[PDB]
Structures are given as C-alpha cells and as structure tokens.
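Residue numbers (the authors' numbering), protein chains in the order written: chain A, 304 to 722; chain B, 304 to 344, 353 to 724. Ideal Cβ positions, reconstructed from N, Cα and C, are used throughout, including at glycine. Presented below is the structure to which this report refers.
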Ligand code: HEM
Ligand code: HEM
Ligand SMILES: Cc1cc(N)nc2cc(-c3cccc(CN)c3)c(F)cc12
Ligand SMILES: Cc1cc(N)nc2cc(-c3cccc(CN)c3)c(F)cc12
Ligand SMILES: C[C@H](O)[C@H](O)[C@H]1CNc2nc(N)[nH]c(=O)c2N1
Ligand SMILES: C[C@H](O)[C@H](O)[C@H]1CNc2nc(N)[nH]c(=O)c2N1
Ligand SMILES: [Zn+2]
C-alpha cells in the first residue's frame, strides 16, 4: 500500500512506495512504537557466523539482482553469469566476493539508506577505498592514514569510506576498536571526576592498559587500536600532521578563546558494520564533515560529556540561580556560534543545522521523485537545538530498513578471546 | 513479556509491563515506523459491552474492589442499559476516574505529573448552547484563579446517535483572531484565520486588531452553533516584556494566561464525550517558540533579530537561534512578574522524568511520545532527550476528531 507523508509548514505531500522493499523489522508493532529506542531490533539476516548455502545465497541473489536492476541490465548475460559465479563461490568457500563496481554501489547505497543521517544529499559523492587485500594491523594503519589524509584534504573535506576484508567465520574479524578514528581521551580522576572526554574513559583505559603512555590532558588524541584477521589489537599513533584541529574562538566575546577549547575537523565513525548481500564488513571507517551542533551541542554540552555550559554561563554574567532565566539555552547558542565561526575562519568544511536540514528536505523530495520514498528517522534528523525553527521539524517521515545498510555491532572487547 | 527502556545519560533502566494492556493501534507496523506522523490510524450494542466491561473492570481494580458484589452489580446494570437503551451512563466516580486517566494516558503530554489533581466539572445535564456558555465561563474562572492556575475539565453530555453531538467549535477556549488582508499579510494570529472567518460569517463583528479574543462558538444537541462573548474580565492576559531589552515592550506583544483545549474527544468505556474542554498552565516554549516564532504564526523572529543588531545575512550567525532564546526569556519573565503560573521547559522535562520513573514503579509503565515530549528548542540539554520511551495507546484516552464545520449539516434558513 502507498503511504503519504506531509509537511505541515508547506502542505506538500509525498507518497511512499519504497517501503514495500523494506527487509528488517523496525522493532515496532501495530500496538507499540519503539521509534526512540536506540537499538530497537536485533533482526539480523543470518546466523552471526558462517551461514549455510540456503541462508547466504538468497541474500546475495537479492543484492546482485538489485545491482543489475540498478544498471538497466536485469536478466542480462553478466547478471545470469554472476549468479552462477556466486553460487560456485558459496559452494566452494561458504562465502563470495564482491566486484569492485558492486562494492561501490553497495557502499553508496548503505549511506543512501541510512535513515538517521541528515547529510545524505551527498550520498553518490562517496570515495570508496578498497582495502580488502589488507592482512595485518600495520596494513590497516597504512590504509587509515591514507583515508585521513585524503578526506581531510587540508580542510576542504571529502567523504570517504575504507573497506577492510569481510567477516568470514567470526574468529577472524577485522576491527577498528576506536569508535571514531580521531577522538580525545578521558581520564578518571582521583577525586572521582573526569578529565578529557568522558565518553572515552573506558576506551582510554583500555589504551593505557595496552601500553599507551597518556599525556593526560584535556584534548589527548587517542591512539588507533587495530585488529586484523582476529588477532589481538595493536596500538598506533596517528601522525599529528594528519590530524586537523580547529581552536574555538568567538566572533564577539574575546574571552572565549581563553577557555582553551579545540576540536578536530574530521568525523570518522569506525565502529559500525556495513552489510551488502549477506556479507558483513566489520571494519569500514567512514567520514564526512561535521554539522556544527554535533560538536557544540552534544560533544561540549551533554552532561556525561564535556559539560562546558557551566563555565560559558559564568563568563557571560548570567543568572544561574534558576532554570527559567534560560541561561543554559543562552550559552548553548553562543557556543555553537563560536564552533561555526572557528571552523569557517580556518576554511575547514562545516555545515550549520539550518543549511543541513534545508538540504535534507530537498534531498527528501529528490528521493520521493525518483525512488518512491526515502527512509528517515525524525528523532535523529531533527537537530538537538532549535528544533522547531528548522524545516525538518514540521516534516512527517517514514522510517524503515533497506539493504545495503550500516549496522551497529558490539564493542570488540566484550567479545574478544585474547591471545 | 517484559520490555525495557534505558536512559543514556544516567543508565537507569526501567521495565515496561503496562504495554500489554494496550489494544489500540499505533499505525506503526512491524516493518515501518510512523512515530512522526501527526495523525495515523457510532458503536452498536455488540461493540459496546466489551469496551464498557473493560473500563468497569479497570475501575473496580483501581479501587481494590475487583470481583466484589458492587463490581458484579455495576456490570449487570451496565449491560441492562446497553440492551434497553443502546448506551449507558457513567457514575460520577467513574467519570472523574476516566477523565483523570485519559490525562494520565496522553502520551504526548509532558505535564502529566499533575494528572491526579484534575478538577472535574460534570456538565452532562446541559441541554443548550447558553447552558454550555455558563459552564465554560465557570470553567475559565476557577481554572484562572487570578493567575494561580488550576487544572480542570468540563464534560458535556456525550455522543448518542452522532446526530445530537455537543461541540465547542473553538480549538482553544481563549485564542486570538486572525484576519487575512487583501495584500496577503495577516493581522493577529495566522493560526486561527479560518475560524475567524467562520465566526464573522455567523455574525461576529470583529474589532480587526492584533489581539482580539475570539468568541465562543457553542453547539448543543446537534443544533447550529451559537456565538457568545467571553466576559473580558475573565480573560487573564500577560503583556510580554523582557528583563534586559527595554525596547521589547514596544513590540506590543501579549498572550493569554490560560491554555484550554476544546476540540478533542474524551473516550471512556466506549462512550464518546465530543465536547470536553480542559485546561492547565503553559510551558513557556508553547508561547515563545511555537506561538511567536513558527513561520506560519506570529513570526517575530525577524523583528526581534533586527532590534538586536544580529547579522541576518548568513544563517551560520545563528541569529534565528539567538532571537528565539530571548523571546522565550521574555515570556517566562513576563508571566513570573505578573504571578501567572507557567513552567519552563527545563523544569517541566525534569518533572516528567520523575513522573515517568514513578509510573514505571507503581503502574508498570508510562506511554510517552518522544517526538512530542522533547521541547521544541534546546532539546539535547533537557533530560528527556536522552530518555528512551515506549509509545502505545491506553484507554480512556483523549482523541482527535474532525473539525465541526467539515461534518455539521446545517439547519437555519
Ligand atoms: C558529509 C557530511 C555528513 C554529515 C553533515 C552527516 C550528519 C549526520 C548526523 C548529525 C548524524 C547524527 C549523529 C549523532 O547525532 O550522533 C548522522 C548519522 C549517520 N550518518 Fe551521516 N553525515 C555525513 C556523512 C556521512 C557519510 C559519508 C556516511 C557513511 C557513508 C554517513 C553515515 C551515517 C550513519 C550510518 C548514521 C547513523 C547510523 C545509526 O546510528 O543507525 N554519514 N549523520
Ligand atoms: C498543567 C500543566 C500542563 C502542561 C505544562 C502541559 C503541557 C503540554 C505540552 C507542552 C503539550 C504539547 C503541546 C504542543 O507542543 O503542541 C501537551 C500536550 C497534551 N496535553 Fe498537556 N499540559 C498540561 C495539562 C494538561 C491537562 C489538564 C490535560 C487534560 C486533562 C492535558 C492533555 C494533553 C493532551 C491530551 C496533549 C496532547 C494532545 C495530542 O495528542 O495532540 N494536559 N501538554
Ligand atoms: C560520517 C559522519 C559525519 C558526521 N558529521 N556525523 C556522523 C555521525 C554518525 C553517528 C551515528 C550514530 C551514532 C553516533 C555517535 N556514536 C554517530 C555517523 F555514524 C557518521 C557521521
Ligand atoms: C491542557 C494543556 C496545557 C498546555 N500547557 N498545553 C496543552 C497543549 C495541548 C495541545 C495538544 C495538541 C496540539 C497542540 C498545539 N496547539 C496543543 C493540549 F491539548 C492541552 C494542553
Ligand atoms: C512533523 C512532526 O511530527 C510534527 O510537526 C510534530 C513534531 N513534534 C511536535 N511536538 C510538539 N510538542 N508539538 C508539535 O506540534 C509537534 N509537531
Ligand atoms: C533516547 C533517544 O532516542 C536518544 O538519546 C537519541 C535521541 N536522538 C538523537 N539524535 C541524534 N542526532 N543523536 C543522538 O545520539 C540521539 N540520541
Ligand atoms: Zn514506530
């Protein structure tokens, strides 16, 4: 059945047929909505490790069919032969291998399918680095360094994904143990408080426990912790010259630069899993450019993060006596003004939440026009500040799960059998 | 079957068993989620007993009287009525309980920590629009309480055959008129333009100004609705000024103190109360963010940013964001100075989190609509933003109904 979505600010209605292709459960039922659960479902597509032939082949035949349908070649010579080819590979190795073209289509369509991503207007501009030949942590580190250098591009950032060998039996997983390629360290204090970034206290302590000598500051770039083919992970320090960083100053308040804050320029998620025709790529660092709110709202102001609202209000001469002065809201805007101004001053790519949300509505129209729909997750698309004065707030959205996709995966130290 | 929700700021984990009690659809399916759709998707005898049995069993359970003599008698008494009359009548106790639980069950409402203190006015003896006006006037006075606002609902007879419905045509009991101009602009509140037209056509002579309190349009027993002017002295209003910007008062802005929604439908035990205006007090952002800053509303963001000298050339200045905060400060300060009840979005979200935990503890869950609970500004810095929530439809519930002018078949001339 068709389904309609409406924008209550413009009354534009869109009709969704794409959802008929959705594959995995969302977690919801007709009696219960789970649209604010972080991980609602666990509906995978095969047993975690090596499926049987009748379990893996259907998923592959699905993806190949879709890819050749994409390129106006359904049922053609290449398509029929490829099916037989994947049959014989599965028969002989219990898995199969993607062509380079199929790998790129797959990567680009996982992004296009990422319902939580406000940035997807860019989806077809992704640069894919094939690292499926990699065999060691050292090689993993080389591929990552090149990723970082390409994607940073001196501040004119470029979207990229690097794809390491697919999972095979689960014992031989490639993993980036860091959650992002570049994050700051968090240090548990003697008095019980925390220095650096609290999100990373546990990882930061794994690194120290692994032999990292922490400089023990507020903005200590963490080492890379890389796992190849199921071995114990290994530490690597990213060459500093490759880590672009922006000092936060404020266009008006000169005292702001004296708060001593900076953030890195490149967001690069490295703990997610990419899924293409039954194949699972457990290591696939991908990177873009920040929306300003990701730094200034969440990274700086969350309570279990940097928590600098506290101080920015003091230096602003604000009534911190009661909430109704809205001192939190007022500092929160100034901080985000500063992040945007600092990144733009240093000609480092960044997008504000007004431009980004506007782009996503344009993207949404585009998709409904040519594709029959566009999975979008209102809870994540709406920026965490000034929600209702952005155009996505008044936009109805359908959420559903298309493949290929990015998926979550457990932290490798919960499941790693050490050597 | 249990179900868990996590707070990702505090790691508190609550366990929802109450969700098994729902039997109303959400519009979500197993493979699509519709949690951001505004509106997803009369009874015969056969349909009615089970709904009534459901509510009566629930009521006698709530008072530790389940299976009692008085419980079984009420059930049989209810059955008799649905046979003899095709409907039935709620007791006064049942009505109060139902009214309060509909509030308790309203998943989009962040102010439900107050649910048990609802003052219920039984207006089921009403027969005419003039009767309705009297009841509403006494609702407004009382709830307003000279600025010390008190929650209250007034409940009118209930639907019978669909033909003799009571309706308040107003969407709230106090709203400002809106006049579209020949040049395309709008005077007053753009949100109420259509209802303003309806009133004018019914005979209302508008002052055609910025803050005209609309007249009540009251329908009783399925008759044509009638106009009535709320007595001006019962409409408490707050002039909006700002504690720092002495120029803010020059915007000439004011709002009414009493938010009082009147277009919804109250469902208790299969009975439909199509007129049931209810009221509480404001969260600031309802006025400061959605009333004055929604582009389709009073839209004073441009004007406020002007008078702040902000750089309005590029969005990344965040002038919009900056002007929004100041309006919302001015709203809270204005109400607190005139000692009219109001809650800011921080305090309100903190209270709802306490309320939710308590309701999991004592009730086994608490249906909540994250898309509506999260304030429309500064979301991530309020605790609900990080709170996982399960959404499902318990009854009694408040429900949406179609606008009366889209379905009313007229009588006069
Ligand atoms: C190019 C600039 C991009 C911007 C501005 C952007 C923006 C965002 C933001 C703000 C979020 C929510 C993050 C949070 O609040 O925690 C998000 C989610 C996400 N983004 Fe993007 N993104 C960009 C590029 C990319 C690329 C290149 C990929 C992968 C190819 C990607 C994949 C994702 C995924 C998979 C999620 C959510 C996954 C989940 O949790 O289920 N993004 N995006
Ligand atoms: C006393 C203080 C109250 C506060 C602070 C409050 C606050 C709110 C807010 C902010 C909303 C969202 C409105 C929007 O942003 O569009 C809401 C929705 C709602 N409130 Fe409350 N409210 C209060 C009292 C009540 C009472 C007394 C009732 C009924 C007896 C009630 C029933 C509802 C309902 C039914 C909805 C959502 C209706 C829908 O599904 O659209 N509220 N409330
Ligand atoms: C590529 C990219 C860019 C950006 N600017 N932001 C991004 C945010 C996420 C993201 C998704 C879910 C959870 C989290 C936080 N762990 C981040 C992500 F995957 C990729 C992002
Ligand atoms: C009683 C009460 C108090 C308050 N403070 N707020 C309330 C807001 C709504 C409401 C529900 C749906 C949409 C809208 C938007 N006009 C408002 C409502 F029914 C009742 C409210
Ligand atoms: C499209 C979207 O679902 C819609 O605008 C909703 C979102 N959340 C909301 N939340 C509140 N409090 N009030 C609203 O009107 C809305 N509107
Ligand atoms: C409980 C809630 O679903 C959770 O905190 C979500 C809400 N929306 C979000 N939205 C974005 N963009 N990023 C997030 O981490 C979250 N967290
Ligand atoms: Zn849902």
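- Around the beta carbon of residue 469/A, 16 or more other beta carbons lie within 10 angstroms, which makes this residue buried.
- Here DSSP, grouped into helix, strand and coil, assigns residue 550/B to strand.
- In the three-state scheme derived from DSSP, where H, G and I count as helix and E and B as strand, residue 654/B is classed as strand.
- Within the same chain, 411 come within 7 Å of residue 427/B by CB-CB distance, once the 5 residues on both sides are set aside.
- With distances taken between CA atoms, residue 361/B lies nearest to 387/B out of 334/B, 387/B, 344/B.
- Of all residues in the stretch 647-672 of chain A, only 647, 655, 657, 658 place a beta-carbon less than 8 Å from a beta-carbon of chain B.
- Burial is judged here by how many other beta carbons sit within 10 angstroms of a residue's own beta carbon; residue 597/A has at least 16 and is buried.
- Secondary structure at residue 332/A: strand, using DSSP grouped into helix, strand and coil.
- Residue pairing by DSSP leaves residue 394/A without any beta bridge partner.
- Note on the stretch 427-477 of chain A: whole beta strand (DSSP E) runs with a minimum of 3 residues are 430-433, 463-466, in chain order.
- Among the bridge pairs identified by DSSP, residue 403/B is matched with none.
- Interface criterion met: the Cβ of residue 606/B is under 8 Å from a Cβ in chain A.
- A Cβ of chain B is located within less than 8 Å of the beta carbon of residue 336/A.
- In this structure, 306/A is the residue among 323/A, 567/A, 639/A, 306/A with its C-alpha nearest to the C-alpha of residue 342/B.
- Relative to ligand 6, residue 696/B has its C-beta within less than 7 Å of a heavy atom.
- If you look at residue 718/A, you'll find it in the alpha helix (DSSP H) that goes 715-718.
- Judged by beta-carbon spacing, residue 632/B lies within the 8 Å limit of residue 688/A, meaning their Cβ atoms are closer than that value.
- Considering only beta carbons, no part of the stretch 471-503 of chain A lies closer than 8 Å to chain B.
- Taking every protein chain shown into account, the CB of residue 552/B has 16 or more other CB atoms within 10 angstroms, so this residue is buried.
- If you ignore the 5 residues before and after residue 461/A, its C-beta comes within less than 7 Å of the C-beta of 430, 453, 454, all in its own chain and listed in chain order.
- With 5 Å as the limit, the residues whose C-beta approaches any heavy atom of ligand 3 more closely are 570/A, 572/A, 591/A, 593/A, in sequence along the chain.
- For residue 415/B, the three-state secondary structure derived from DSSP is helix.
- Bridge pairing for residue 579/A: 582/A [DSSP].
- Excluding sequence positions up to five before and after residue 325/B, its CB lies within less than 7 Å of the CB of 703, 704, 705, all in the same chain and listed in chain order.
- Here residue 711/A is exposed, its C-beta having fewer than 16 other C-beta atoms within 10 Å.
- When 526/B, 645/B, 344/B, 389/B are compared, the shortest CA-CA separation from residue 366/B is found for 389/B.
- Taking C-beta atoms under 8 Å as the contact rule, residue 363/B and residue 399/B qualify, at a distance of about 6 Å.
- Between residue 631/A and chain B, the shortest Cβ-Cβ separation is below 8 Å.
- One alpha carbon belongs to residue 527/A, the other to residue 656/A, and they sit about 30 Å apart.
- At a cut-off of 8 Å between beta carbons, residue 639/A contacts chain B.
- Of the other Cβ atoms in all chains shown, fewer than 16 fall within 10 Å of the Cβ of residue 383/A; this residue is therefore exposed.
- Its chain contains 469, 470, 576 as the residues whose beta carbon lies nearer than 7 Å to that of residue 583/A, once the 5 sequence neighbours on both sides are disregarded; these appear in chain order.
- In terms of Cβ geometry, residue 660/A and residue 678/A do not form a close pair [threshold 8 Å].
- Three or more Cβ pairs drawn from the stretch 501-513 of chain A and the stretch 478-490 of chain A lie within less than 8 Å of each other, which places the two stretches in contact.
- Annotation for residue 491/A: the continuous beta strand (DSSP E) segment containing it runs 489-491.
- Interface criterion not met: the Cβ of residue 579/B is under 8 Å from no Cβ in chain A.
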